Amino acid sequence: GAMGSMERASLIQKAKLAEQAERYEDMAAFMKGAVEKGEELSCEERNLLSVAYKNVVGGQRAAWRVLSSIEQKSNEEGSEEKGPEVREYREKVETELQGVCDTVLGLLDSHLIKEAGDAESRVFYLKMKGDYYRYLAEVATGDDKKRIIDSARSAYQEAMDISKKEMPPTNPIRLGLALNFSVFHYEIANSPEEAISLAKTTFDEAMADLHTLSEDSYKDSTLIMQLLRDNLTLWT
Amino acid sequence: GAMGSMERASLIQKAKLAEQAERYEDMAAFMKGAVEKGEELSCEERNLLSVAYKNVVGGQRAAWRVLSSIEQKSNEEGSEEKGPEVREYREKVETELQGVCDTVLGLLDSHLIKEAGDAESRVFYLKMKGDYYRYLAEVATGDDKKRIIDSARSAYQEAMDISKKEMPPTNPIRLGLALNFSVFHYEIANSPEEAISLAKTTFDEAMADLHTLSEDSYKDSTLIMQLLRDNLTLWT
Amino acid sequence: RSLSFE
Amino acid sequence: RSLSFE
Ligand SMILES: [Mg+2]
Ligand SMILES: [Mg+2]
Ligand SMILES: [Mg+2]
Ligand SMILES: [Mg+2]
Ligand SMILES: [Mg+2]
Ligand SMILES: [Mg+2]
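Chains as they are written, first to last, in PDB author numbering: chain A, -4 to 231; chain A', -4 to 231; chain P, 316 to 321; chain P', 316 to 321. A prime marks a further copy of an entry chain.
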């Protein structure tokens, strides 16, 4: 690994600098290096890992969607043949995205998840596993579309069962997991009714727990609850 | 070159797709491949080349400035020592920026400028040479700061002499060259009075030539003239 | 257009 | 904060 000669603390410090510089590919490489040191990650370090790869894959997903739309229009009735270039370039971006997803999933499997014993770390990483199988599923079309979808569902479900048992309904990671599982249902699994039911039940149970929170935690939880609300407004 | 097996037309088509996808590193690699085919570039192709590298170096300059500011604060009175990481990471970004600038300058020297016989192409490329020496100068500190600055000045001056002889005062490339030479004077050459005089004279001569233009060209020229005006407002 | 965890 | 050619 190119980061093997750098101190763990230095990699974390540089990941924070790269975030300030909006250098997210660098940020992801630094946090990959930090994970490969083999020690568990703190709450803040898990968040840095997530921000880095979310931004990297975010740019790739946004590009793939632009290109996939051009490719779809190219295959409409009346569209002039332009040769293989659109498909080629869509495939290049798709392959790069898949490689980033594979890299994240490999970090979770070697060996973040297996060493995650606390509910907050285990749920965070299982959510992440669902998320990156979900991004794979957004672009999947062949023999393994169904297995990729089931891998996402399985990871999210294990994370939900732990979160329900071990975390309060307003816990931000529990809320973000439920949010993202509902997006999985709506956008990936062709189950909009499941998506809506999950989002509503999540929102209502969090609402009833807000009275237990400080002003700062209240703000953190309500911010995420607003995303559940926005989705429900779009979905119904 | 990794693009050597791809058709020139395919590289141009993919550069346009990458622009739509906001994939500017890809865009730059495609246009580098196109230039290395050895044929001259059309007006549209020159613009694609410029957009690609401007966006790539733009992100690097924005990151370098963020990091250089953190590094400067680190060396203020009362700042706690944090070790070599800020300087290291600033140096990494700086080195990457310098490599992009060197790549562009190498394309201009091999062999875009020497084959550029028309005023529009020759001025475009000489402006570009000034621009990328200017970006080098923004980060230069050692023995060659002065030579880098003079290389920028020399390229811009040759481009100005041709533009004044061969192009109308409202020509968008003439206007963008004069704009950028005035920024060179203000930000690089410590010559704010030269910057202001150039911007004013450029604006006034363009204003007096607008009556010759179509509505579409009028719009193109006035858009750039507004940047000259905005700078003058900031500078005075 | 669905919103996921930021 | 100086503006260059877009
Ligand atoms: Mg453990
Ligand atoms: Mg608990
Ligand atoms: Mg249920
Ligand atoms: Mg020629
Ligand atoms: Mg002429
Ligand atoms: Mg003069």
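Using N, Cα and C, we set each Cβ at its ideal position, and we do this for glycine too.
Proximal chain A' residues relative to residue i, where beta-carbon distance stays under 9 Å
i: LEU12(A); result: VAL61, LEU62, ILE65, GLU80, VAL81, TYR84, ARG85
Chain-ordered neighbours of residue i on chain P', where CB pairs are closer than 8 Å
i: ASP199(A'); result: In chain order: nothing, as chain P' lies at least about 18 Å away.
Rounded C-alpha distance that separates residue i from residue j
i: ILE7(A'); j: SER37(A'); result: 11 Å
i: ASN226(A); j: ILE143(A'); result: 54 Å
i: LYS195(A); j: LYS159(A); result: 15 Å
i: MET220(A); j: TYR19(A); result: 27 Å
i: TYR128(A); j: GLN15(A); result: 28 Å
i: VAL134(A'); j: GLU89(A'); result: 7 Å
i: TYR181(A'); j: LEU100(A'); result: 23 Å
i: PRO167(A); j: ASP215(A); result: 7 Å
i: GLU80(A'); j: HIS206(A); result: 44 Å
i: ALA4(A'); j: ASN70(A); result: 21 Å
i: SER192(A'); j: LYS141(A'); result: 23 Å
i: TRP59(A); j: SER212(A); result: 36 Å
i: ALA114(A); j: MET162(A); result: 8 Å
i: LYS9(A); j: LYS32(A); result: 15 Å
i: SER116(A'); j: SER319(P'); result: 20 Å
i: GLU34(A'); j: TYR48(A'); result: 19 Å
i: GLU86(A); j: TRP230(A); result: 31 Å
i: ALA111(A'); j: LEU102(A'); result: 13 Å
i: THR228(A); j: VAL95(A); result: 32 Å
i: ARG56(A'); j: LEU92(A'); result: 7 Å
i: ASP145(A'); j: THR217(A'); result: 30 Å
i: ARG148(A'); j: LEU223(A'); result: 19 Å
i: residue 238(A'); j: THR136(A); result: In this structure chain A' extends from -4 to 231, so residue 238(A') is not present and cannot be described.
i: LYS68(A); j: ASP97(A); result: 29 Å
Chain P residues whose Cβ lies nearer than 7 Å to that of residue i
i: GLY171(A); result: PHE320
i: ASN166(A); result: Ordered by position in chain P, no residue passes the 7 Å Cβ test against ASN166(A), which lies about 13 Å from the chain.
i: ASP225(A); result: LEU318
Beta-carbon neighbours of residue i, restricted to chain P' and to distances below 7 Å
i: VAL178(A'); result: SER317, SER319
Interface partners of residue i on chain A', CB under 8 Å
i: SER105(A); result: Those within 8 Å of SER105(A) in chain A' number zero; the least Cβ separation is about 27 Å.
8 Å Cβ cut-off: residues of chain P touching residue i
i: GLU182(A); result: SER317
Listed by chain order, chain P' residues near residue i by CB distance under 9 Å
i: residue 240(A'); result: Residue 240(A') falls outside the range modelled here, since chain A' spans only -4 to 231, and no answer is possible.
i: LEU222(A'); result: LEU318, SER319, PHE320, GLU321
Proximal residues of chain A, C-beta to C-beta of residue i below 9 Å
i: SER5(A'); result: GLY78, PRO79, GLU80, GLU83
i: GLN8(A'); result: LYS77, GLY78, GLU80, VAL81, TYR84
9 Å Cβ cut-off: residues of chain P touching residue i
i: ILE219(A); result: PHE320, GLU321
i: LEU229(A); result: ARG316, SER317, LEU318
i: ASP139(A); result: Residues of chain P passing the Cβ test: none, with the nearest at roughly 23 Å.
i: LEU174(A); result: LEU318, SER319, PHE320
Under 7 Å by beta carbon: chain A residues contacting residue i
i: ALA58(A'); result: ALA16, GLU17, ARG18
Do the stretch 148 to 155 of chain A and the stretch 165 to 174 of chain A meet, that is, are 3 or more Cβ pairs less than 8 Å apart? yes
When you compare the stretch -3 to 7 of chain A with the stretch 24 to 33 of chain A, are there three or more beta-carbon pairs, one atom per stretch, that lie closer than 8 Å? yes
Are the stretch 120 to 128 of chain A' and the stretch 101 to 109 of chain A' in contact at 8 Å, needing three or more beta carbon pairs? yes
Lining residues of ligand 2 - beta-carbon closer than 6 Å to any non-hydrogen atom, in sequence order: Qualifying residues come out as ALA114(A), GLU161(A), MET162(A).
Within the chosen definition, does the stretch 201 to 221 of chain A' reach the stretch 185 to 201 of chain A through at least 3 CB pairs nearer than 8 Å? no
Please list, in chain order, all residues with a C-beta atom less than 7 Å from at least one heavy atom of ligand 6. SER192(A'), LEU193(A'), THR196(A')
Run the Cβ filter for me: residues under 5 Å from any heavy atom of ligand 4, listed in the order they occur in the chain. Ordered by chain, the residues meeting the criterion of a beta-carbon within less than 5 Å of a non-hydrogen atom of ligand 4 are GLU110(A'), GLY112(A').
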